[PDB]
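Quick notes on the structure that follows.
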Amino acid sequence: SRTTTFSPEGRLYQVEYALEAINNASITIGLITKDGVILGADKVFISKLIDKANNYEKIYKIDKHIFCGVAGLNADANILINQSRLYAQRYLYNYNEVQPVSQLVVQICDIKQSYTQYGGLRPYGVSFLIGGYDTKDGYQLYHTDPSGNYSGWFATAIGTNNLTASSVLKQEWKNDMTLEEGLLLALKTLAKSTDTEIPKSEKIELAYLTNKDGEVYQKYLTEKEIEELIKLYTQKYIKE
Amino acid sequence: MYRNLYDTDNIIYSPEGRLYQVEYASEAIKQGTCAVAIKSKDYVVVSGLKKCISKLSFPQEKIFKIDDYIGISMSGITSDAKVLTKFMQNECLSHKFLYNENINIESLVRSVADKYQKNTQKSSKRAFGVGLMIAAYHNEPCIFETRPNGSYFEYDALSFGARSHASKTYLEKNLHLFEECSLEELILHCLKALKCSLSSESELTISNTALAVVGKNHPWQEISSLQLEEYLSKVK
Amino acid sequence: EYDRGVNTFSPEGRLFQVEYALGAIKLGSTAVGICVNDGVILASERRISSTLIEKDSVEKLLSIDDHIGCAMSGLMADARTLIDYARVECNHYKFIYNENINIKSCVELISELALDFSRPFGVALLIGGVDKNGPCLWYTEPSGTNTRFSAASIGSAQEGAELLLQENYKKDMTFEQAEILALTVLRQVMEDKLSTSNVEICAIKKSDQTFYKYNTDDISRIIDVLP
Amino acid sequence: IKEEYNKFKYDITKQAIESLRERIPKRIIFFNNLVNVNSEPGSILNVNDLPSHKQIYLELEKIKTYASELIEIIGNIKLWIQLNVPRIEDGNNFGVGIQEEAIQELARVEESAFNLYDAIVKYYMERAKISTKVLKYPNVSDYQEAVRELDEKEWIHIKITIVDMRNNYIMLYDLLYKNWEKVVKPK
Amino acid sequence: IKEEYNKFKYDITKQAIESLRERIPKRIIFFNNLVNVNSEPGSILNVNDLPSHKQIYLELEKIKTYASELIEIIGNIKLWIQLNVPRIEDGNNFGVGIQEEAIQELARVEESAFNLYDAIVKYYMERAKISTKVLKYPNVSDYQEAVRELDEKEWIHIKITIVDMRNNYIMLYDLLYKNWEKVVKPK
Amino acid sequence: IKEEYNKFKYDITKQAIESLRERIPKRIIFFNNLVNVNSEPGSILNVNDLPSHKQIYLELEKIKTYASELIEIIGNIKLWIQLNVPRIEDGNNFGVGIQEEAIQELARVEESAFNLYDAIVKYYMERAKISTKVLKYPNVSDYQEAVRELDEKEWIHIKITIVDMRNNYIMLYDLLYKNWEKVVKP
Amino acid sequence: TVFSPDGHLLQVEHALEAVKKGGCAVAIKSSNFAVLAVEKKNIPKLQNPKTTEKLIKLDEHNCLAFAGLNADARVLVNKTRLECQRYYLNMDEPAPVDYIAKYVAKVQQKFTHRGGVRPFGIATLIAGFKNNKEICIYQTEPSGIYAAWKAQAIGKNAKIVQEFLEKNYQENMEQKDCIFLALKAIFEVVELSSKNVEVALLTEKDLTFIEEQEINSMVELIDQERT
């Protein structure tokens, strides 16, 4: 029935289907390094007639130091990004400083929680890996769900084939990870999740923060990841 | 396809042409206690029978008061009857404040019957299932009554659901009340209606039959707890 | 079977959503109140089965004001909402008019809030006080019927206490006369012993016109008279 | 006439309470003592202790005694519930369905016990019929084997009736005990 | 008497746990050892190892043992599930639905094992009638082929009964295990 | 005992997957070589290639082999889905419906193959019964025609059974292949 | 949200059952302090602090350890922390635990009585201070009921842990003794992992956590007490 009604088991229905609706969406990888947080993506290819060179709809920008990698309904994702950009700017307008991500996910999971509680509207079939840098506790990487129960992490692989890709980060991840070593680490889990051995490079997109006291937050071009893809060939950080 | 589709909604109409949800309210007033009023030439008496639910309980009130010359007697559910009493009280009192003359009787019931109408077309609010009985006197003593659907009938005698058929038949052959100008014969004639229409082998009137009179030099004087059992509740 | 709507009628002239709550009030703790010529005495149980409770935070006899005390039954979470509303309007009445509110004027407003047409409040009360014209005791229902009672009982065991009061109520009974009577009906319908903790009587005397909760010390001298 | 009828309603009520508090529990222990639940598997419903077979005859005879006691006890209890059904009204009658459910299950058990009499007549008829075929065709050994195999089946069938007997008494008693307030006072 | 009855409800609970933790798993492996799931196709349901047919008789005798032990175990389990259903109420009775589904499956498996007793009687009766015709009409060869085919039919049914037995035993244990919390508590 | 029980759970799961990857595709090709879909109409269901009928006898024996192997294959597959049914819950149980649909489809094919053993007995019993009547009434010619038509009927029944085998094997495999992600983890 | 034909509430009993599938949380009162306890679980080598999923503060003297829906506590706490500070702005006093619990219970009750609003599927327990130097641990359910306790527990299989606490609950304990009693409540999570239990010692109107160092010194003693 509607989202307002419960179930005899204690769970819900609309928020339970949304948790499964994101399982049929492309994967995204999160990863905290010793230099800055990095993200992964999977451009689902409906055809070869997309631009494939200027845009990508799996990783967006929230602020100059906060960025998320969305995974789920691409249509409903644009609303929360248009809603998180306001909270990331209304905090600046009210406190003259950057907003900590710990105070951003709370501000954004409440907008999801408010939908699965009243109004009689459908929930948000979206879940994303939102990370950033802050002066209070350094780099961080949070993860929201359609219910709102956010939680901090070090590496997450939501989308399709989560349990397999998350297991890769259980062993291959290390506490100390450089920026270049972290990219190669996140490159293999992004490729083996799609049951392939090498990315076609006209696929997956990556992003990285690495605050150099100014939070550069550079994204990646189709030519910049070629050098990263070539480094995977020689040094294979295999499935295992 | 019939008998269960056109039954629970105040909006749908039956294919025959009857609003069956409102029609249940007209029958909902029949489960209440009886009441009867007599319109004489210059006086109006209302006899109401209360209902003692238990031996330890007290009989709940039936006959109410609205103004000095206006008093109603509900017959149905106490939930909606109390709401219409407050609406009729705030309406008539506002007329004595906004202006100085008393409120016209038919111009008052037109506002009360309109209250039923407003709670009939909206899907949310249901209909007031209560049979009102407005007895008043302004220049000629008139007796009005409503139903769940908006209605007015300048009745001369009535009954309300308990043993109404046994009481309507008594009033059909008793049309000499207009010339029974003596108040004593009127209250005995009105109480005789309940005595000949009470339940089988029940207590006649053991101080549990509310009585009220209103007339020319009479305001809504509730019959005291002593004037009725001395001779009125002792003639039969 | 007509149960979808909240305001639907019946072909026999009856309500449906209100009648569902009529059986919900028969599951709470039992209570009994007696209206005597000198005042009003109330009584109730205290289901504090788990000894870890504080035993004072859970109460069955709250107060509408200093002159009107009442009982509770049914949904305890909804009973507090009506009592909180009664504590507002009765106190709001004292701010407008300097005299204390009448129970006939207070029970009529506690019943109009059970006419939300949400859902009807599944709670029955035993509002009693000594406002004016001596002491009065009223018993409300979720349907809105406000019947003034001389001695009634509400709770899961209200059926047994009903016939007991009919064979025991006398009009010329004082406070100490009914105080033992307010416990003999509780001694019958009780799955425990009438100790000094399970009973929580309180009364409103006509002299001081205020209510006073009978503490643990005062009830011990009344539960040991053995009716 | 009015007196005899009111006397009957009193007589029913007495018999109903008497049967549930005493008559039914004693028989529960009785049949349980005959087929104890703690036995290991295969030691009860077996054929190890197995003209007409006079030995088998006595076991069927005991069943009919047990069958008689079951139909008589439940029938008055069923009638008692029927006399306790409130006036038919619209809404708030979930409990009459429970009452109806009890009568339905009670009638089911009654019909089940009633069918043993029909099942028992069929046994003698089939056994006699097959035996005629054995006399007419004495060398086809399967007819003689069928008679032998038949005795093992009926012996088991007698025993399956007893386990179902035991189990039905408990299912009836447990249901009435838990739902005692609504069967007597459905409000 | 009140003590003996309460003892019975205690006695049931003991027997039920013992059967689910030991008696039922042991039989799962037992029947599996006769018809292993890892066998290649066609090596089980064949007729290579095949007056009356004494060989089929011996196989049926083992079946009757298997049938007896199955019905006895489920019957106390069925009653045990019945003893844990709470008082009938309107709403919040999701657990009785779980309970009813379990009772339904137990009765279904019981009917399956129960039908073996009736099916064995049918084999000997049907085989004998055709054989009489063979004696009367010895050159119509289809009657002799019918005898042959009947044994092949009965042989297959015996093995299909054992696999269905095996598969039901694991399915019963696995089903009760998953919904165990609702099986023990009433609501 | 706890070890022996868990060991069984491993052995079943293997057999079910093994049947779908090798046993089931091989039979698809097998039955197609006997009743090719590309055959012209009437070239399959004919009587052109036609005491007891020894010619008819050899084909039914092969049928019983085909029926046995089907029940054995389907039975473990059916059992495997049963151990994979999740705990019963109210709502969000769309996946149990596929499983329910799967047990129903597997049991339907299984019941169909299972009834052939009883059906074969009916053929010989009926043919023998009519043959007795031929001995009693040797000049009523329809009885001799009756012998001919029954064999033609059984021959047709044999062939409709083999196509149904072929068709059941593909419909089971095609259903499971398309719904593979939902059958294992519903 | 409507009633049931017998008298219950299908939208409340469902929500009350929804808290049973959640992490357990146990509280325990003492003389002048109240140590809390909660048992959570986390994925190894990931999710470093669990964003302080339990033991939420409300004021300088009011801890709160909920149980149940983790996502539905944010709206409950933010609608509470606002009211805990708003009371301080209107009455110039730090909000007592009696007012916060009376507010959290009114929040959940305001969600089941209204229509078209899902009830708060979360059962909590608030441990703070009253106006005088006292400590009364409260406990609220999704139905709206609330009562003080001397020890209480909510969550997955809260009956077996509350039953154990009903027996060996002494009257007044020591700071380490009261912790050991709360640490004897690992009857929900098997093997008593130190990375699962979290306790905080609310004392002298100043909340503080408990380091894992002294946890191992107390969680290991329980294994050498069953023999």
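Residue numbers (our numbering), protein chains in the order written: chain D, 1 to 240; chain S, 241 to 476; chain B, 477 to 703; chain E, 704 to 890; chain Z, 891 to 1077; chain H, 1078 to 1263; chain F, 1264 to 1490. Where is the CB? At the ideal position from N, CA and C, for every residue including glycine.
Shortest Cα-Cα distance from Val986 (chain Z) to any of H:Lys1079, H:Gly1174, H:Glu1166, H:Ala1196 involves H:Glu1166. Burial state of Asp307 (chain S) is buried, judged by a 10 Å Cβ sphere holding 16 or more other Cβ atoms.
For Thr1403 (chain F), the CB contacts under 8 Å within the same chain, skipping 5 residues up- and downstream, are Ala1364, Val1367, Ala1368, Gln1371, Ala1386, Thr1387, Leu1388, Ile1389, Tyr1409 in chain order.
Listed in chain order, the beta strand (DSSP E) elements of length 3 or more contained wholly in the stretch 665-695 of chain B are 678-681, 687-689.
Membership of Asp1041 (chain Z) in the alpha helix (DSSP H) is indicated by the continuous run 1032-1068.
Three or more beta-carbon pairs separated by less than 8 Å link the stretch 1132-1150 of chain H to the stretch 921-941 of chain Z, which places the two stretches in contact.
For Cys1347 (chain F), no beta strand (DSSP E) encloses it; the enclosing alpha helix (DSSP H) starts and ends at 1335-1354. At the C-beta level, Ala628 (chain B) and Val516 (chain B) stay beyond 8 Å of one another. Given a length threshold of 4 residues, the stretch 589-627 of chain B has no whole run of the alpha helix (DSSP H) inside it. In this model, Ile704 (chain E) and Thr5 (chain D) are separated by some 58 Å (Cα to Cα). By the 16-neighbour rule on beta-carbons within 10 angstroms, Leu1318 (chain F) is buried. Shown here, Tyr260 (chain S) sits in a helix according to DSSP, grouped into three states. For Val1011 (chain Z), the C-beta contacts it makes with chain E under 8 Å involve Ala849, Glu852, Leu853, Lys856, in order along the chain. Counting along the chain, no beta strand (DSSP E) covers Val1453 (chain F), and no H or E run does either. DSSP places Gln1433 (chain F) outside both helix and strand once states are collapsed to three, so it counts as coil. The distance from the Cβ of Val665 (chain B) to that of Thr506 (chain B) is about 6 Å, consistent with a contact at the 8 Å cut-off. Interface annotation, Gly1168 (chain H): in contact with chain D, CB-CB separation under 8 Å.
For chain S, the residues of the stretch 634-652 of chain B that bring a beta carbon within less than 7 Å of one of its beta carbons are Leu641, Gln642, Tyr645, in chain order. Within the same chain, no residue comes within 6 Å of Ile79 (chain D) by CB-CB distance, once the 5 residues on both sides are set aside. The beta carbon of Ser844 (chain E) falls within 8 Å of a beta carbon belonging to chain Z, placing the residue at that interface. Relative to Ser84 (chain D), the option among D:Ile32, D:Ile111, D:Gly152, D:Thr33 whose CA is nearest is D:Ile111. Fewer than three pairs of CB atoms, one per stretch, sit closer than 8 Å, so the stretch 1244-1261 of chain H makes no contact with the stretch 1218-1235 of chain H. In the same chain as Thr160 (chain D), and ignoring 5 residues on each side of it, the C-beta atoms closer than 7 Å to its own belong to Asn23, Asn24, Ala25, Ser26, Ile27, in chain order. In this structure, the straight-line span from the alpha carbon of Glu1081 (chain H) to that of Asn922 (chain Z) is close to 11 Å. Counting only the Cα atoms, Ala1009 (chain Z) lies some 15 Å from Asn1192 (chain H). From the beta-carbon of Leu737 (chain E), no residue of chain Z is found nearer than 8 Å; the closest lies around 13 Å away. Taking the Cα positions, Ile784 (chain E) is about 9 Å away from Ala719 (chain E). Rounded to whole angstroms, the gap between the alpha carbons of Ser539 (chain B) and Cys546 (chain B) is 6 Å. In the DSSP secondary-structure assignment, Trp1412 (chain F) is bridged to B:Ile529, F:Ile1400.
Taking 4 residues as the shortest admissible run, the stretch 156-198 of chain D contains the following complete alpha helix (DSSP H) segments, listed from N- to C-terminal end: 162-171, 179-191. Taking a contact as a CB-CB distance under 8 Å, the pair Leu1227 (chain H) and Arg1204 (chain H) counts as one, their CB atoms being some 6 Å apart. In this structure, DSSP gives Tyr139 (chain D) an extended state, which the three-state scheme calls strand.
Chain H places no beta carbon closer than 8 Å to that of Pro146 (chain D), leaving this residue out of the contacts. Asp1469 (chain F) carries a strand assignment under DSSP once its states are collapsed to helix, strand and coil. Looking only at B:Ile677, B:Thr484, B:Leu503, the smallest Cα-Cα distance to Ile630 (chain B) is reached by B:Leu503. Not flagged as an interface residue toward chain Z: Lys781 (chain E), since no C-beta distance is shorter than 8 Å.
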